[PDB]
Structure formats: structure tokens, C-alpha cells
Amino acid sequence: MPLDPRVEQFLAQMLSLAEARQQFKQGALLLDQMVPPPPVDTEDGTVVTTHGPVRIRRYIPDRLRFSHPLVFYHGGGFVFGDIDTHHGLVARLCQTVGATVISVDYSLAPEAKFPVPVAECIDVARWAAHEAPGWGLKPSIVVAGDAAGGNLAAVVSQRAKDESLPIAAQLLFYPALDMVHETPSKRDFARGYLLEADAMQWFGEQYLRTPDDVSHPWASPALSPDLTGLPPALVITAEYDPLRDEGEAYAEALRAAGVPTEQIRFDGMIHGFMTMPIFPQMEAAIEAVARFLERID
Ligand SMILES: CCCC[C@@H](CC)COC(=O)c1ccccc1C(=O)OC[C@@H](CC)CCCC
């Protein structure tokens, strides 16, 4: 419950759009150098979405143990990140679960704005549902994402029924869910825990079209008043993350809507930890993912 010691060390030791994207990529590949991912067979590809081609990467496990494709949406505040920044997480998800994983390079803001990545993420999920029989898998997919990518996975899940899209589960890793309400964790951990109040504002300015967008349910899936019938859900939070309370409240709300829900707070942890392989909690959370999906298919 105190701040993990390795996290403390991490936090102690630490301007242009293109080069802000760059330092994000460099921070990521620096973590991967320090703690290399397992080897995994991949193949690049493209998906035709209603907003353009979107690059994807398919991960193939050494040993296929799971009978649904995972579709992973990377985080980074809708502004940063890509297939490469999240390779360390996706590689381990692929090998630990023994699932084929579709990692998605959706359109980043501010070039694309809300709700372009929502539509594209829906299109890729539909693509994967269509391909699944030909991979030898069940047609129902698992959607998954971290932070901003958890937001997308949550919106995709809520829109699944309307869009005739089969989803077997949703893995939300410290997701952003509510852009309207100021929770206690948002106030208590506003500064100093990697993800900051000022950054969250800036991401919002880049992603949304106008301030009114914050209350739209495809920006804020938490405001959706009827969560009955949604995909079984694994919701992971970090204790010391401003996003913690919305994530946890959402899992509570799903539980009360009859949705089979597993809720896990990682104590001592901060936002982003599932892409930070310097922390052993990253692999623990990946084992949590593998255990949860055993209870699915
Ligand atoms: C090896 C991979 C490198 C990246 C890794 C750190 C080394 C993880 O970083 C993060 O998770 C992260 C860090 C800073 C800013 C944003 C994020 C992020 O994903 O979500 C931002 C949230 C803001 C609330 C979107 C909500 C918009 C209202």
C-alpha cells in the first residue's frame, strides 16, 4: 500500500508535437532495452476502415491455448504511442495467454479527432471477428487496451450490440472512462505520478472537437446509464493513479449490471505500469489476464 520501492526509484530519476511523440517512443524503447520482451512471431498488415487504412500487427503464440483473438488498443492519451511502444506488453500477452493478438495503430490526435479512433477500433474489431474462423478460432473477440486504449476498448464494448459485433470479453488496464467528473483519486494524485492533471487537460484539447464532447458516451463510457449485457470484464487499476476511481467505479457498476466482472487494484502501483517491464507487477497483471481468460474460453 505504500508506494512500491522500484516505482519510487523510477519517479525520483526522470515542447513540439513531433518531438513529444519522440520522447514518448524513446522512454518506451529504453524500458524494453533494459528488460527485453520474449521472442514472438509477428506479421504486419493493414485494415480498411471507414476513416482510412490502419496499420495492425498480428502476434502468433508459440503454443495456442486460447480460442479467441485479442484486439489490443495501445494507450498514450490519444496523442502518443504505437505498435512499437506497446510491443513489450503485447508480446507477453501473446506468449503468456497463448492467444493471437491484433495490436492496432489507430489514428492519433490532433490530426484525427474524436471520434475517428472509436470508429476505426470498431472497424478492426469487426475485421478480426470476420477473420477468426480462418485462424481456427471462435468468431467472438476479446478487446483490450491501456489508459486511452482502455477507453477505446470500453467504448467498443458498449457499441458492440448496435454494431452486431461479437465480443467475448473486455480487458481494461487503468482505463480513462469519465472526462466529466472529478473523482477523489484525480484530485489526490493530480501531480507527480507520471500521468498529470495538466497532461490530461492537454490530451483532452487534442482529442475532442469541443468541450461539450466530454459528456458524449463515446468519450465517457462511464456515463452510459445501462451497462446490462456488456462483455465480461477485467478491470485493472493502479492504487496511485488519478484514473483509479473511475476505473473502480465502472467495475462496480458493471458488477451491479450482472456483467461477470473481475476487479483488481495493484497496490503501490502507478499509471502505465503494464508497459513498464522494470516492475514485476507488469508480469503479475499479465498472469491475471491469463487466469481471467481461462474463465472465459
Ligand atoms: C513502455 C511504454 C511507454 C509508456 C509508459 C510510460 C513509460 C506508459 O505511459 C502511460 O500510460 C501514459 C503516460 C503519460 C501520459 C499518458 C499515458 C497514457 O497512456 O494515458 C493518458 C491518459 C490521460 C488521463 C488518457 C486520457 C485523456 C483524458
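For the numbers below, each heavy atom of this structure counts, side chains included, while hydrogens, waters and symmetry mates do not. One-based numbering, in listed order, for ligands and for the atoms of each. Along the sequence shown, the residues carry numbers beginning at 1.
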What closest approach, in Å, do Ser185 and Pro242 show between heavy atoms, and which atom pair accounts for it?
OG-O, 2.7 Å
Quick one: which of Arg92, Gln95, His87 gives a side chain to side chain donor-acceptor pair (under 3.5 Å) with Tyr59?
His87
If you count the non-hydrogen atoms of other residues, nucleotides and ligands that lie under 6.0 Å from CZ in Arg291, is the total more than 12?
no
For ligand 1, which of its N or O atoms have a protein N or O partner closer than 3.5 Å, and how long is each gap?
from: ligand 1; atom 1: 11 (O); to: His271; atom 2: NE2; distance (Å): 3.4
from: ligand 1; atom 1: 19 (O); to: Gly76; atom 2: N; distance (Å): 2.8
from: ligand 1; atom 1: 20 (O); to: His271; atom 2: NE2; distance (Å): 3.4

Apply ring-ring contact (aromatic ring centres under 6.0 Å, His included) to the pair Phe266 and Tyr174, showing each step before the final yes or no.
CA-CA 10 Å; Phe266 280 76; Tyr174 36 86; 9.6 Å; no
Can we say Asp198 and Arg191 salt-bridge, meaning some charged N sits less than 4.0 Å from an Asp/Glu carboxylate O?
yes
Considering only NZ, NE, NH1 and NH2 on the basic side and carboxylate oxygens on the acidic side, decide whether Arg265 and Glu239 come within less than 4.0 Å.
no
